[PDB]
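Participant: have a look at this fold, sequence not included:
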Ligand SMILES: *[C@@H]1O[C@H](CO)[C@@H](O[C@@H]2O[C@H](CO)[C@@H](O)[C@H](O)[C@H]2NC(C)=O)[C@H](O)[C@H]1NC(C)=O
Ligand SMILES: *[C@@H]1O[C@H](CO)[C@@H](O)[C@H](O)[C@H]1NC(C)=O
Ligand SMILES: *[C@@H]1O[C@H](CO)[C@@H](O)[C@H](O)[C@H]1NC(C)=O
Ligand SMILES: N[C@@H](CCC(=O)O)C(=O)O
């Protein structure tokens, strides 16, 4: 619910894993259409490579299971 | 051990959990990942961190959450 | 955080030290059957402190007649939330033991099961359950 995540921009980039539960969750939300629209540009193949990209300062925020 | 059955474990082909998506050169949506392999018949059971959600519960039967 | 664990030696061994630990639970429930089937010594000691009327157990804890109460996590979090003395669960997140959930009982092999399961999953997906949590199970000193 943070305004940065509600107002997508190049400043704060966020992504998930392609073809996962988070993709379905954001695609099925009418209120979060822009969320999925921004997400679609930067999804990752796997969780491990997404974590590696986040640690190496290539991706800002990574949404995944707790 | 508890249910008295033998098993053969294999990994998913494309490294994705699976969401139904429109198949190329067609208009219908088809499943992929472990979802697609379970529905098609290549796999008989998914033992993996698969998130329970409404979209998957329509085609797949979910056990009690572990 | 005097205990720090359900399987602690204080509970598994009531007579390990100090005079007997005064911990009990409301009988005829899932917790009592779980304790009976798992920890025989726990259950045999708990028979002495057969509490009732969880509000009364809470007030007995406040007065000092009891030092530990074993019960359901969903109701214990709410009871801690609306507490003037702000009683605390053993571990920061309570370290929920034997994690299960609240369900809608049905007759065996019924018809409504699939539709109600899908409807509940839809409600969880659309965030209505989170709204109900915020509007019904909020606490004062829970944050
Ligand atoms: C688990 O399954 C195996 C195989 O289905 C059972 O082994 C059979 O046991 C019966 C009698 O109990 C024998 O007549 C068969 O010849 C056995 N088959 C094999 C391949 O060993 C086993 O008994 C089952 N475990 C149980 C029922 O506890
Ligand atoms: C996939 O669909 C595109 C049309 O979007 C088509 O040009 C292409 O030939 C199709 N590929 C296959 C393998 O059918
Ligand atoms: C629990 O069950 C016992 C035996 O049936 C009964 O005596 C006792 O009153 C019950 N406790 C309740 C209902 O709180
Ligand atoms: N939810 C519990 C009630 C509380 C308890 O007795 O643990 C049950 O239905 O068994």
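Facilitator: Thanks, I have the structure now. Numbers count the residues shown, from 1 in each chain, chains lettered A, B, ... in the order given. Ligands and ions are numbered 1, 2, ... in the order given.
Participant: point out the residues in chain C that sit beside chain A.
Facilitator: By Cβ under 8 Å from any Cβ of the partner chain, the residues of chain C that approach chain A are C:125-126. Using the backbone N, CA and C atoms, a C-beta is placed for each residue, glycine as well.
Participant: I meant to write chain B there.
Facilitator: Within chain B, the residues that sit near chain A (Cβ under 8 Å from any Cβ) are B:15-19, B:21, B:32-33, B:49-51, B:53-56.
Participant: OK, contacts around the closest residue to ligand 3 within chain C?
Facilitator: Nearest residue of chain C to ligand 3: residue C:28, at 3.8 Å (Cβ to the nearest ligand atom). For residue C:28, the contact set (Cβ atoms under 8 Å, 6 or more residues apart in numbering or on different chains) is empty.
Participant: that one belongs to a strand?
Facilitator: No - using DSSP: H, G, I helix; E, B strand; the rest coil, the assignment for residue C:28 is coil, not a strand.
Participant: residues touching stretch C:120-138, excluding its own?
Facilitator: A:25, A:28-29, B:52-54, B:57, C:74, C:77-78, C:81, C:104.
Participant: drop anything exposed from these.
Facilitator: Buried by 16 or more other Cβ atoms under 10 Å in any protein chain shown: A:25, B:52-54, B:57, C:77-78, C:81, out of the contacts of stretch C:120-138.
Participant: can you tell me which residues in chain B are near chain C?
Facilitator: B:52-54, B:57-58, B:65.
Participant: around residue C:69, how many other residues sit close by?
Facilitator: With neighbours defined by other Cβ atoms under 10 Å in any protein chain shown, the count for residue C:69 comes to 20.
Participant: can you name the residues bridging to it?
Facilitator: Taking DSSP bridges as the rule, residue C:69 bridges to residue C:24.
Participant: find the centremost residue of chain B, please.
Facilitator: residue B:35 (2.4 Å; Cα atoms, centre = their mean).
Participant: repeat that for chain A.
Facilitator: Mean-position check on chain A, Cα atoms, centre = their mean. Result residue A:15 at 2.2 Å.
Participant: one step back: in helices, which of the residues of chain B next to chain A fall?
Facilitator: Secondary structure assignment by DSSP state H places B:33, B:54-56 of the residues of chain B next to chain A in helices.
Participant: could you check how far residue C:27 is from chain B?
Facilitator: Distance, residue C:27 to chain B, by Cβ to the nearest Cβ, to the nearest Å: 26 Å.
Participant: that residue reaches residue C:50, doesn't it?
Facilitator: Yes - using Cβ atoms under 8 Å, residue C:27 is in contact with residue C:50, at 5.4 Å.
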